[PDB]
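Just one chain is shown here, as structure tokens, and it is the form deposited in one PDB entry.
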């Protein structure tokens, strides 16, 4: 006797996964064998072919139990029952219905033929949701996801993917104060109510299971290590001329090569690999690795989603010069979009990392101070200048608010366009990561492709959360 599976809701109680009654029909072939004249009407009502159905019953004539069909609607099930065929019996089972469909398909996940979790929350909280067959019903679960922010993020990421002719994308929104995942969307997506088709690529929760090189989006962590060392201040200068730096057989290169002296904010604005590498040589890679490890890059999230990827943060006992530079500019590191969002949330939350949660958090757990508050506050200010200053990532500006962030562009020529940031700068509330895989139009830089999505989504999410606009006199 299958048990009723627990309702999944969003954080405000909107239904996301609902157990729906279905009819399963079984037969005692010993009794069905006494009513062969009824078989063709029964075959037609079950959908099945006349002769194939007849062959099936004859083959199981000595059995006392066989399944005829599973998961009919309790309309077609009543239609088979109205035939009054001897030996035909019914069992009430459950099939999930997902009211928001493709919009939250990767996060909510789905169930297999036996109504057991196969992907996402359905799989991760299967014990909680499943209950026990007879029969004790499963328990309700409220997610951290806010369906209003989810609809917005879904729409904007889909629109950006079409405008850039991209292969795939992910967008995660986090509450920096509580560790809650407020939205998590990917493209391509699928309709979890359509149990035919089922494209494995479209079902991938990319924000959690796909690893990527974060590139320039890790530079704020390298800078946090520089400021915490006691050796660097934002007004310090680094000479990046002539825009390249030879380290043995390896050549570090900047995209814009018309700089000489840059201050630390300028290094982030211009996204100078040479500048961040020179700072890394001075402070040592051990300090940078420790910040990136502590914010969770390439570390287990603790979420318990089977198949979730940990990625990799390279480590050494003695760091060679090339690896010191590449670590500092995010080359050769492998992270997930959830990890990158969580790292930006700790930075935004004055350096305190609050544990990640996919469920609504009522009592917030204690956070861990990973970056000193003063250092996190200084880096936040630099990231606000990255968005607001002359020559900055102007497309990440959020009209009405002070926003902060960092763009990234990774050469996989195929590219991945990134933007990670938070808002409002006066008292950060939300961190967001936008990852667009293989944009195919003229623009591929993170500040061109991903920054406008951050702006559109952040503009709506702050307003949906009634956050007061902070760009005031």
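Residue numbers count along the first chain shown, from 1. Rigid core: the largest C-alpha set superposing within 1.5 Å between the two forms. Shifts are known only where both forms have a C-alpha.
Below: the form deposited in another entry, not depicted.
Of the residues 309, 95, 270, 360, just one CA atom moves 2 angstroms or more between this form and the one not shown under rigid-core superposition; it belongs to 95. A movement of the C-alpha atom of residue 74 reaching 2 angstroms or beyond is seen between this form and the one not shown when the two forms are aligned on their rigid core.
Annotation for residue 23: C-alpha shift of 2 angstroms or more between this form and the one not shown, rigid core superposed. Core-superposed comparison between this form and the one not shown: the CA of residue 32 exceeds or equals a 2 Å shift. 1-3, 20-95, 131-134 make up the set of runs between this form and the one not shown where every Cα shifts by 2 Å or more, each run at least three residues long, with the core as reference frame.
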